[PDB]
Structure formats: C-alpha cells, structure tokens
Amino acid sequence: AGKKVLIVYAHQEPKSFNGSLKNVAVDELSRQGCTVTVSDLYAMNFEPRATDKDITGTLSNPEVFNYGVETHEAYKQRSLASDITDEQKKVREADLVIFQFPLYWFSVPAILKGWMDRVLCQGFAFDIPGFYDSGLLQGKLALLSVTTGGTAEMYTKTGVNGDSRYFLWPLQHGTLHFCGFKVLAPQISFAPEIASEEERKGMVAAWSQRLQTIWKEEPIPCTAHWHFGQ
C-alpha cells in the first residue's frame, strides 16, 4: 500500500487522446488508493531552455558558463530555480513516473525534453559515481506512454520507420536507465488519429487494464539487445 505516482504530461489539448490516456491513469491509480500528481507541462508554460536563469545567486565560474557544471553545483548549494526544484520534489517522492506524450520526431516533444534536460541534473538524477544501475533514482519505476502518428505496421524492423524499439533507446536507456530508473515496458498506442472509434476505445481500455496490475510488473532488461537485438 501507499504508492506514489507522478505523471509528466505533454499535450496541449485536454480533449486529446493523450489527455484521455492521462485522465484514465489518474482515475484508475486514484481508485486504487495511490497518491497521484500530474505535471501538466503546457498548462504550466514549463520552461524548456537550459539557461543561466536556472541558477539563482552567483555562479561557480561566471567567465565560461557550463550549464551541466553550474546546475550540479547549484543543486549541491540549493540554488536551483524553483520550477526545477518543484519538479525534483515530485520525482523524489514518486515510486513511479509515467511520461504521457505524442511522439515528436522519434522522440519527446521539446517541452518534455526540456523537463528531462533541466530536472534530471547531476547530483539529483545521477553522479560520479551513480549512473545506469546505480543512478540516483534507483528503486523508482519509469514508464513511457507514447502515442504515434504511424501505425504498428509502419514501425517494423524492415519497415520505413524501423522498429519502435529503435527510437526508445535514447529515452529508456540514455535517459531513464542512466538515472537509475527501472524501466517498465512502454505503452505504445499506435496511430489513434487513423484508428476507428472502436480501436481507439480498445487502446484506452488496454491502458486502463494494464494499470490495474502495474505494481505486479517486472521491468524490461534495458539493454542494447532488448532494443536492437533478436
């Protein structure tokens, strides 16, 4: 009992398929008695740019600004901007982080990329040492819930788009695994725009049904073999 979930949500439109997937997650996890928080990035006008405004007070080397170094140092000295530390608190408290987003150029929308760039700073999400299996968010679960324009068929190994697992690598391995997350199997809702109403409802139902047993899941082996291998 007592699980905490953060949903990081990146869609402009409440009535969208993404919005529906987010709301189903909120309702079902809430029904289960979980603690639920939603970071609605567009509604928050979330800042995507990594800039020197992300550090308050004086820099550790204001002659040559290195964002990575400066945010590492600011994290240690508790002088990060409040929009960042607000998100870090939600992540720190969460047992599971769900990312809900439409696929933009085989990746996350820029507003969500900005969340990953700015929130997951050195000292908070990883360090030397402490990355991949020993990343600082170890013990936490992460799950990518992505919607696509392309159909399942268009996303095969030999297809024009390649296997969907190919585009997952930078997100699941390079970002989430790197920070110590155990990665649950992605939820891929293929081509809702093209799908019939029945097919759309079926995809929503699949998600809702999955959420009923999400705490019983095993994480994937987040390896190059899982992503590219046979």
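The numbering used is simple: start at 1 and walk along the sequence shown. So that the term is clear: the rigid core is the largest set of C-alpha atoms that superpose within 1.5 Å between two forms.
Exercise for the section: State which stretch is farther from the displayed form on average in 9 other deposited structures of this protein, 166-174 or 56-64, counting RMS CA distance after fitting on the rigid core. Expected result: Checking 166-174 against 56-64 in 9 other deposited structures of this protein, I find the farther stretch is 56-64.
Exercise for the section: Taking the root mean square of C-alpha distances over all structures and residues in 9 other deposited structures of this protein, with a rigid core superposition, name the larger of 121-129 and 149-157. Expected result: Looking at 149-157 and 121-129 in 9 other deposited structures of this protein, the bigger mover is 121-129.
Problem - Which of 16-24 and 210-218 has higher mean CA B factor, as the PDB entry lists it - result: Stretch with the greater average CA B-factor: 210-218.
Problem - 196-204 set against 161-169, stretch whose average Cα temperature factor tops the other in the entry - result: Taking the mean B-factor of the alpha carbons in each, 196-204 is higher.
Exercise for the section: Would you mind checking which of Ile188, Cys34, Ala43, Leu59 has the top Cα temperature factor in the PDB entry? Expected result: Result of the comparison over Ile188, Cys34, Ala43, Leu59: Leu59.
Handout entry: Identity of residue with top Cα B-factor, from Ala50, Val64, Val38, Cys179
Key = Result of the comparison over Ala50, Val64, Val38, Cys179: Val64.
Exercise for the section: Consider only the C-alpha atoms of the modelled residues in this chain, order them by B-factor as the entry records it, and name the third containing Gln100: lowest, middle or highest. Expected result: It falls in the bottom third of the chain.
Exercise for the section: Consider only the C-alpha atoms of the modelled residues in this chain, order them by B-factor as the entry records it, and name the third containing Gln122: lowest, middle or highest. Expected result: Tercile = lowest for this residue's CA B-factor.
Problem - Assigned third (lowest, middle, highest) for the C-alpha B factor of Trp115 - result: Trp115: CA B-factor falls in the lowest third of its chain.
Practice task
Would you mind checking where the Cα B-factor of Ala74 ranks among the modelled residues of its chain, as the lowest, middle or highest third?
Solution key: For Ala74, whose C-alpha B-factor we compare with every modelled residue in the chain, the answer is the middle third.
Exercise for the section: Determine, from the deposited record, the chain-internal third of the Cα B-factor for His225: lowest, middle or highest. Expected result: It belongs to the highest third of the chain when residues are ordered by C-alpha B-factor.
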